[PDB]
Amino acid sequence: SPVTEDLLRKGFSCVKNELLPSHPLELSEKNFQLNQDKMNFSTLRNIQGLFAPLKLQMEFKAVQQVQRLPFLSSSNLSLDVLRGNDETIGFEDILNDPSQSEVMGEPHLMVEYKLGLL
Amino acid sequence: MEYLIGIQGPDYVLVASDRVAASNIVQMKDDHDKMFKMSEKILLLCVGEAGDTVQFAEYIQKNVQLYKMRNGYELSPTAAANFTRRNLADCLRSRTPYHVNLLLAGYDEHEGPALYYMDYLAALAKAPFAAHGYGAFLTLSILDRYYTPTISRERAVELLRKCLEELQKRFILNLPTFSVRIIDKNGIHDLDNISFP
Amino acid sequence: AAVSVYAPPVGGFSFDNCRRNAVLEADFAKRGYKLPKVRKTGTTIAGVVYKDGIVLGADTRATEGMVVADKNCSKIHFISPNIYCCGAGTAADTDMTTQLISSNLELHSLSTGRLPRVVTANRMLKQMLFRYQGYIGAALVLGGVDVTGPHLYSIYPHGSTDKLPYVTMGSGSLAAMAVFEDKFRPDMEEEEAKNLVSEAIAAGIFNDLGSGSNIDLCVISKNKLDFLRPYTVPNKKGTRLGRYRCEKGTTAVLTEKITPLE
Amino acid sequence: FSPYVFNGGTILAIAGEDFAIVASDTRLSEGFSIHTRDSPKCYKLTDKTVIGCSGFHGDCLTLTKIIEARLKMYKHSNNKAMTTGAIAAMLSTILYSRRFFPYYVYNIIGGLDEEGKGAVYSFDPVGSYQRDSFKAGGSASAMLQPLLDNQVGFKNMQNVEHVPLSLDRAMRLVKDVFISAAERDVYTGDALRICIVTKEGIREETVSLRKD
Amino acid sequence: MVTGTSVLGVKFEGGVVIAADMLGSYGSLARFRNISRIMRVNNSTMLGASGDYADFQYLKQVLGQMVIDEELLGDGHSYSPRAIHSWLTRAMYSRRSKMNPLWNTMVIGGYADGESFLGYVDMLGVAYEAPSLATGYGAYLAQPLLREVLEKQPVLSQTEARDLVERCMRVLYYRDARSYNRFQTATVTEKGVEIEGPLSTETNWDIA
Amino acid sequence: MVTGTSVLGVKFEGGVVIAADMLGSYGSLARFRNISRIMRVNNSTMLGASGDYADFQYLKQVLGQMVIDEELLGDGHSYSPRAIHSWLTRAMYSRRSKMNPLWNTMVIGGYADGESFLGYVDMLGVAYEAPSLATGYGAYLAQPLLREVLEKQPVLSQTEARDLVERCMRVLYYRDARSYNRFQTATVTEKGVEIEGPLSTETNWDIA
Amino acid sequence: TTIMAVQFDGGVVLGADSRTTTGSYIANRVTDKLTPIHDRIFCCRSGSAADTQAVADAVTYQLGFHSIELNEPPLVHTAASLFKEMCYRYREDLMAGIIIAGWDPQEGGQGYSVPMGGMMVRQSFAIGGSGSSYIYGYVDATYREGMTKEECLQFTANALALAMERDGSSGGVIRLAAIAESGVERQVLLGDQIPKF
Amino acid sequence: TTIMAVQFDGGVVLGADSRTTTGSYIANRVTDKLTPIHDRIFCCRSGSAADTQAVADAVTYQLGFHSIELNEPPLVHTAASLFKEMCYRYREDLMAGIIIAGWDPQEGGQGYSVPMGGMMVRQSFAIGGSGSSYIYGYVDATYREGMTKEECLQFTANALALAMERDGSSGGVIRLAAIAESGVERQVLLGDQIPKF
Amino acid sequence: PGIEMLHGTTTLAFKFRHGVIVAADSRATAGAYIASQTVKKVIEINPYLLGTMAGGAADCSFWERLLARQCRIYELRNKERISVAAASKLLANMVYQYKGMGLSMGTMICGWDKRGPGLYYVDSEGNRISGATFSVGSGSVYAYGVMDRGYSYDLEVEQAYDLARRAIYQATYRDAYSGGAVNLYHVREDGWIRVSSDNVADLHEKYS
Amino acid sequence: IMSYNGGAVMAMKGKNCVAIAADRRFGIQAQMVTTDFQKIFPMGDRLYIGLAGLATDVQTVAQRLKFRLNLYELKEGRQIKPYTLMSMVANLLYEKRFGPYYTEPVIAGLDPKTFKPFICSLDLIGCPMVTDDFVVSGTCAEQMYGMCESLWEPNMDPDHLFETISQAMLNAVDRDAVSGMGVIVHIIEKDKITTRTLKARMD
C-alpha cells in the first residue's frame, strides 16, 4: 500500500514521496475548504442537531452540479453566498487564478473523469 | 562515469558516444547504444542515473512522433529543446530526485545545424561544442584548441579521433570503444565504430 | 494543449519546489557557497495614545543582511480612512498580509456604509496569522480611532494580541520603549506626544545597527488624518570632494547595434 | 561556547611614492549593539612604521602588545631598529605559530623602506605576507578596494596618461571613499582616524563621518 | 549557575559611581536575596561584576591578596586602576585560550592622579574605556539614556548623576526578568570609597 | 502526562477483586490526590486502568456509551466480559497500527455464567488471562507473592484474598516512588459490583 | 504566570498576575489574564499565548450558541466538557494549560481544572502555571474549610503575593476577581496594598 | 531528598529525609543522611551519592588534621572554606549540593550553604534538594525571629513534613537533630508523630 | 575564521633535452572574492632549485622556507650541493609528520644536479612520485590534455615556451580561478633564469 | 545558492534615459560551458527586464511572465505601464513563496505616455521597492555599491550615462571568480533603442 489488479496519459510520479508529506503546511493548504466545511458541519451536528449538516451538505450537492463543463472556467457565482465566503477575499483567488491555467487537459478526458466513469 | 561530446560545423551536428554498461565492479555489456532517435533529423543523447535515463528518454521519444503523426509535418530542433527542457523541469521538481544529462542534436532546413547542452537542473544553452561526463574535464580544452570556426567533415573525424585518443590514454576508466554518427541534409548517416585494440 | 492532465488546476500557494530545494541546500551547505537571504528589515516602531488621537511612527531603513539595501522605504501602510498599521521583519510578507486585510475591510465598509472598527481588523489578522502557524513572520502595530474611542494593538507573528497604551516592536526596540518607560505620562497633548515619539525613535535609531536615515509620523486624530513623510532628517550625507567622472571615449567598444523605434 | 566573535572595522592603506597612509574607522560593534565610538584601530610601532589591525578585538590587542615587546627585544639584542621589511616576516611567523588555533585578525602594515619609498604589506588570518601598493581590507572590504583599483592604478581605461600620486590627492581620495562607503555598510561610520606618515614623523587626523 | 543582572556605571566630575543588584538567580528561581557584588580592593579603586558568582569570589580573593601583598611590602607605590584593568584583561584572555572560560563580566572604576577611569573586561578578551557603561542585559536598556544625556552634556555633577542612576534602576526594575527592589551603590571620590546600601525604588503602576 | 501506579488483581472463588491507588503524578510532583480509577460498566463487569488518565476518561465515555446503548435496546442479552476484552484488544491494536498509541494499560474482571474472567490488554496488542495480574511497575513486586500463594493453593476464600491484597498494598506503598496511603477496591461477586473506598494502610518503621 | 482559584460558600474567587513575557525580557508590564466568557464563567490561561486565545474564542462561540439555543443560563460542567473535548482531540500542538471557574443557579460555586493533556477533574482549590509550584506547601497548610468572602480574598492575596516575589516569570499587579450569586466584582491590588509576606 | 537548616539563639536545628532512590524504584527505605564531621559541625548531602561521600571523607581528613594541629576546637568558617575550595576546583564532574552547620565557642550558631557550582554564602535558613522547592512560600511566610529550641523544632518538623508528602523523591521517617552550646542530641519522628499538615 | 586563501590554482612543468620548464598563474582567491592579482607562486630557495605553490598559501610558504633553511645548512656543512631527491624526501617527511589536521599542499621541487634533471612531486598525502610531465591544482586539468598532446621530448626552446604559454592560456580561459599573469621559468646548468612575465589579455588578443 | 551560476545587473536613471547592463556567462560552478547566454528580455518596446540568478529558474520565470504579459496586453487593449509589471512580478514570485524561486529581477523602462524614466527592484520572494538614483542586484552584489555610489551624478546626458554604466561594471565585475567574460549594455533613450557589447578580461 495498490497493485495493477496507459502510462503516457498519467506518468512520471514515483510512489516514494506521496506517502511522505512536504513542508508541514501541505495538508493544511491542499485540503482547506474541505477541512473548514467538515469542522463547521461537526460543530453544527454537535450543538444544533443532525438536520443541519445533512441539509446544508445536500444543498451543496444540489447547487454543485449546474456549473459549466470541467474543461472551462467556472464562475461559481452561486454556492458562495451560501458557503459564507461572499466577501472573504484571501490567498485563494489572487494567487494562481484558475482562469489563467498554465496547463490544460483534453475536453473529453476531463469530462469523463469528472463523471467518474474512468 | 560516461562520455558525450558533440561538435558543430557548417552543415553537420556530428556526435560521439561511449558504448559501455555499468555495475558494481563489473562491465555487463560492452556495446550499449545510448543514442535514442527522435525523427529523421533529430538525435537525443542521454547519460545519467541508471533506469531514469532510459525511462525519460523513452517517454520523451514516444511524444514527438505523436506531433508528426497528428499534424503531418515535423517539429523543429528549437521546439524540441524548449519542450524537453520543460518536461524535464516539471517532472524533476514534481516528485523525483532525478539525475540525467542530455545533449540534443538536429538539422532543420532554415538555419544550419543546432546542438543544445542541458545540465541536470534543466538549463538550456546553445554552445557550439559541449561535453558531458568526466571526460569533459580532460577533453574540452583539446576540443577548444584546434576548433577552427569552420571545420570540414573530413577534419572533424580526425579532431574527434585525437580528442578520444587523449581520453583513452589519460583516463582512469576503461572506455574501450566509441560510436560515431553524423547528421546531414539526407537523414541520419552512420560511420564505422572507433575501437582501440 | 496537454495530454497528461486530469483534474482542473487549483489556486493557492504552490509547493512544487521544496523537494528540489532541500537537496540543493544540502548540496550547497557543505561546499561553502552563497546562501539566499531576504530583506529582514529589523526596524523600530513606536506608538502612543495621547488625549485625543493616536500617533504612530517607524524608521525607514531596509537592510538585507549586512548591506544597506534601501535608504527610503515606507514602513507605514494604508488600511482604511482611519486605521493605520506598521510592519517589522520580512517586509515581503507584511506588505501582502496588510494589503489583503485592507481590501477585505474596504469591502466590508462598502457593504455597510459606515466606518470600520479596529476589532474587526484585529480579528481577521489574528485568524489569518494563526491559520498560517508560523512560517510567516510579520510583527505589526495596529492602531486607529473608531466610533467608540482610541485603540491600539500589538499583533505577534504567532497570533497573540494585546491592548497596551504604548508599544514598541521590531529588532531594535528596547531603547525606544525604555525612553517611553521613562518619559511617558497619562493624558498628554498632541505636540508633546509627537516630541516624545520623535525622541524615542531617535534614541532607537542612534543606539542600534538595524535602523537609520529618516523618520516619519502618522497622526490620526479624530477629525484630521495626517501623514508626515519625512518628518525629521537626523543624518545627512556629506559631499564628494574630487570629481571622478569619466569623459567620452574612456571605455572601449567591440560591437554596436542601433535600432530606431517610433 | 564559541571562542570567536566579530567586531567589525575597516582598514585602508595607500602606498604612494614617499608616503604611507593608514586609516580606519572607529566603532566597536558586536551582535547588534554598539559598545563605544572612539576605539582607535591605528597603533604606532616605530618612528617610521604604523600597524593597522582589524578583526576580532580580543587578539587585535594581544598581537599589538606582543609585537612591541618583540621589537624591544630585537632592539636590545642587535642594537638597531627593525625596518618595515622584517616586521612582516616576524609577524607572519608569530601568526603561523598557531595554525591549529588561528588568530581572527586582518593586519595591514605600512611604512617606509630603507630609502624613501612607499610600501604596504598585507596578511591573512593564517598568516602569509605579500607586497602590495594600494591593498585594503577588513570587515567592510570588497567595497573599498574596487574604487581604489579604478583610481590609483588606472585599469580598464584607455587614452589616459599615467601620473604619480601627489600627497594632496591622497587624503582627498581617502576621505571621499570612506564617506561613500560608510552609508551602505552597517559596521562602519562614527569617527575616522588617519595616520599619514612621512620621513619627518607621524601626524594624526580626525574627521566626522556619517555622525551616529 | 548563579547569575547577576547588571553592573552599569557612568563617569563623573572627579569620581565614578557604580550600582548593582543584590540578587542571585538559580536559572529562574530567586535562590539568594542578600549577596553583595561590590568590592573595595584598595583606597582608590572599586569593582563590580556580573555573570557567575563563584568566579567572582575567586577573583575577589586573588585580587585582594595581590593588593594586600603590595601594600604590605611598602614602597610608597600602589596599583593604579589601569594596571588592575590590564591584569584582569590578561587573566581573562589566558583563561579563554585554555578552554576554561570564566563566565563573568566586570566593571573597574577609579580616580587617580586627578582623573577618572572606567573599563570593560568582557570574558572574550574585550577591553576599552567609555564615559558610560552597562553590563549583561542592561546593554540595551540602561545604555541609551546615559548615552543621550552624556551627548547632550559631557560633564555633570553629583546630584544629576545620582538621579540618573536612580532613574535607570527604576526602568530596569520595571522591565527586566531578573531584578530586585533593593540595590547597592558606591562612589569613588578622592575622599575614598564609600559603599552605600541597601536602597529602594518607589514605583507607580497607575496605568493598570 | 498524568500517570497511574498499579491496577493489580487476583482471581477468586466466585468473584474477582481489583485494587488501585487514587493518585495522579505530573512526572514527579503529586498534582492530584482524589481521582478515581475503577469503573462499573455494567451489572457484571468492572474495570481498572493505569498509565495516562485522559485516555482512560475517553475509553470510559466510549465504553459506558456502548453498554448503555446495548441495555437501552432491550433483548435480554448483555456484554459478557470476554466480548469487552476482545473489543478493547481490537481498539488498542488498531490505534497502535495507525501511529497514535493510547498510553494505557487496563485490567478487565468479571463473573458471568458461574465462572471468573480476568485479562490484560497492554497497549502493544497483548492479551491473555491468568489467575493473577499486576500492572505498570507492580509486575515485579506485586506479582511474586500472589504467584507463590496461588501455586501453593489454587483456590481461596474471601478473607485470605482480601488480606493478600492488603499485604500487597502494604509492600507496594513501602517500596514505590509513586504511591498513596489510600486506595480503592471493588469485588464483583454475583450480587453485583460494590466499589469500596477509601482505605488505609497501617505501617511500621521500627527498623529505623 | 501564577494562576489559582479557591471555592467558598456562595461563590468563588479568582486571581492572576500580569507579567506576560518572551524569555529574559518583559513583553507587557500589565495585562488582563482573565477572560469573561459569557457573563458568569471565567477562564484563566497559561502555557502559550496564541493557542489559548484560539481555544477561548472557540469556547465562547460554542457556549454562547448553546446558551442561546436552550434559552437557559449555562452550566459550568458544559464549559468544562467543551474545554476537555477541544483540548484532548488536539493533543499534539496545543500546549495550553487552562483553569475555569464560575457560578450557576444550581449547585452554585465550582472550580474546575484541565491541565495540559486534556484531563479534566474538579478540586476545591486549583493552581496552575510555571511559577505555580512554590506555594503548594503554604496553600495546603493554610487552607481550612468554612470561610466567607473577606478572608478568602485575603488568603488568595497572600498566597499569590508569596509566589509573586520568589520567581522570575511573575511580578507586577494582582487581579483578584470574585464571582458570586448576584454578580461579578473586580479589583486590583497595586503598590503597598500587596501584602509583604 | 529535602534538606533544610534553621538558626536560633544558642544553637541550630537540622533535619533530613531518608528516601535515597535510583529512579522510579526505592533503593533504601531508611538511611542516615546526616554525617557527624568532628564532634559539632554537621554536614548534610544532596545531588549524587558517591561524590558527596568522597568530599565528606576529604573534609573529615583535612579538618581533623587542622584541629589537632592547632590544638583548638574548629571554626565553622574553616569548614565552609574547605568545602568551597574542594568543590569549586572540580566544577566539572562533582555535582554535589552540600549544606553544613554547627556550633563553635565564638559566635555560636552558624548556618552555611554551598550549592552546586562552588559558591558559598551564609543565610538564616538554608534549603536544598530536588524536592526542596515546594516549601519556599511556607518557610518565608512562617519564619519569624526570636524563637527558642522547642518552637524551632516544631517549625522544622512541620515545614519538612509538608514537602514530605507532595513529592516522589521524599517519603519516610524524619531525622531532626539539634546542635547546641553543650552537646548534640538526636531524635527520629516516625508514624503518627509526623504532623499531618 | 574565514577561508584563508587560494581555494585553487594551476601550474605545470615538463622536462626535455634542455632542462626543466616551470609555468604558473597568479590568482589567490578567498572562496568567492578575488584577493590579489600578482601573487608570486614560483618560490625561489636557491639558484639551483625552483619550489612550486598550490593548495594552501601559508602552509606552502612556511614549508618552503624550512626546506630552504635545511638545504642552506646542508650546503654549508658538507661543502657539496644537495641533490633534488634528498630535498624532496626531506619535505615529504616534514609534511607527512602532520597528517589529518588539515594540511593541504602541492609542490613540484625541480632543478639540475649531478644526475641531470629531476622533477619529483610531493604533497600532503605523502607519496613521492617522480615523472616527466606534471600539473597540479584546480586548473591542472584543462591543461593536462593540451600539454600532453603537444609534448614531444625533442622540442626546441621557443617551441617549448610557446607550448607552455598556450597550455596556461587555454587552461585559464575555461577555468574560473586561474588567470592574472603568467610566469615562465627555465632551468639549466648555471641555475634558473627568469624567462618572461605576461598578461592574459595580451595573449588572448594575440591568439585570437 | 546564487553561486551555482553567475550574473550581475545594474540600472541608472539619467535625464530622460535609462540604462540596463548585464554579464554573459553560464557555467556549472568552476567549469564553464558557454559564453553567450542572454539575461535581458525585450518585454514591450521601451521596457526591459533584467533577471539574474540561478538560470534554470530564470528561464521559467521569464516564460511565465511573457505569457501573462501577452494575455494582459491582448485582453486590455493598450500597452502596459511600467509600474504594473512591478506588481506583476511581485505576484508571480509570491505565488511560490514557500517553494521559493531564485531570481532578483530588475525592471527599467519608460512610461509610454509621460516618458518619465522608471527603475525598480525586487528581492527573492517579492518586496517592491523603488530607488531614484540607481539599483543593482546579482551574485556580486557587495562589490558594486561602492563603485556606483561615488561615480553617480544626477541629471546625466546619455553619453555620460553610458560611460558611467560602463565604468561601474567593466572594472568592478572582474573582482570575482564567477560572473565575468563579457558585458552587454542596453541604453534606452527617448526615441531609439541601442545595444552595445563591451570587452573585458578573458579570465
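Chains H, M, K, f, g, P, Q, h, e and L, in that order, are what the protein sequence lines are. Positions 13, 15 to 18, 29 to 141 (the entry's author numbering) are the ones given, in order, by the first sequence. Positions 1 to 197 (the entry's author numbering) are the ones given, in order, by the second sequence. Positions 2 to 263 (the entry's author numbering) are the ones given, in order, by the third sequence. Positions 30 to 241 (the entry's author numbering) are the ones given, in order, by the fourth sequence. Positions 50 to 257 (the entry's author numbering) are the ones given, in order, by the fifth sequence. Positions 50 to 257 (the entry's author numbering) are the ones given, in order, by the sixth sequence. Positions 35 to 231 (the entry's author numbering) are the ones given, in order, by the seventh sequence. Positions 35 to 231 (the entry's author numbering) are the ones given, in order, by the eighth sequence. Positions 52 to 259 (the entry's author numbering) are the ones given, in order, by the ninth sequence. Positions 3 to 205 (the entry's author numbering) are the ones given, in order, by the tenth sequence. Yeah, the Cβ is synthetic: ideal placement off N, Cα and C, and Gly gets one too.
When the beta-carbon positions are compared, residue 194 of chain Q and residue 51 of chain Q come within less than 8 Å of each other. Note on the region 111–142 of chain K: there is no whole beta strand (DSSP E) run with a minimum of 3 residues.
Here residue 148 of chain L really is in contact with residue 173 of chain f; their C-beta atoms are around 7 Å apart, less than 8 Å. Listed by position along chain P, the residues whose Cβ is nearer than 7 Å to that of residue 151 of chain Q are 50, 51, 103. Our two residues, residue 80 of chain L and residue 120 of chain L, have alpha carbons roughly 19 Å apart in a direct line. Within the DSSP secondary-structure output, residue 222 of chain f pairs in a beta bridge with f:53, f:235. Those residues of the region 37–63 of chain Q placed with their C-beta closer than 8 Å to a C-beta in chain g are 52, 55, 57, 58, 59, 60, 63, ordered along the chain. Residues of the region 187–211 of chain g whose Cβ lies closer than 8 Å to any Cβ of chain f, in chain order: 188, 189, 192. By the criterion of at least three beta-carbon pairs nearer than 8 Å, the region 53–73 of chain h is in contact with the region 196–212 of chain h. Assigned with DSSP and collapsed to three states, residue 80 of chain g falls in strand. Our two residues, residue 162 of chain g and residue 129 of chain g, have alpha carbons roughly 9 Å apart in a direct line. Look at residue 94 of chain P here: in three-state DSSP terms it is strand. Distance check between residue 96 of chain M and each of H:33, H:30, H:41, H:31 places H:41 closest, using alpha-carbon atoms only. With respect to chain L, the C-beta atom of residue 100 of chain f has no partner C-beta closer than 8 Å. Under the three-state reduction of DSSP, residue 52 of chain h is assigned to coil, being neither helix nor strand. For residue 31 of chain L, no Cβ of chain f is located within less than 8 Å of the residue's own Cβ. Boundaries for residue 137 of chain H: no beta strand (DSSP E) harbours it, while the alpha helix (DSSP H) harbouring it runs 130–137, taken from the DSSP string. Separation of the CB atoms of residue 172 of chain e and residue 182 of chain e is rounded to 7 Å, and the pair is thereby assigned contact status at 8 Å.
Segment contact: the region 67–74 of chain e against the region 230–244 of chain e, three or more CB-CB distances shorter than 8 Å; contact assigned. Spanning the alpha carbons of residue 259 of chain K and residue 20 of chain L requires a straight line of approximately 16 Å.
When Cβ-Cβ separations below 8 Å define contact, residue 218 of chain h makes no contact with chain P.
Contact annotation: in the region 132–152 of chain g, residues whose CB is within less than 7 Å of a CB in chain f are 142, 145, 150. Using a C-beta cut-off of 8 Å, the region 130–140 of chain M makes contact with the region 190–209 of chain e, since at least three inter-stretch Cβ pairs fall below that distance. Here DSSP, grouped into helix, strand and coil, assigns residue 165 of chain e to coil.
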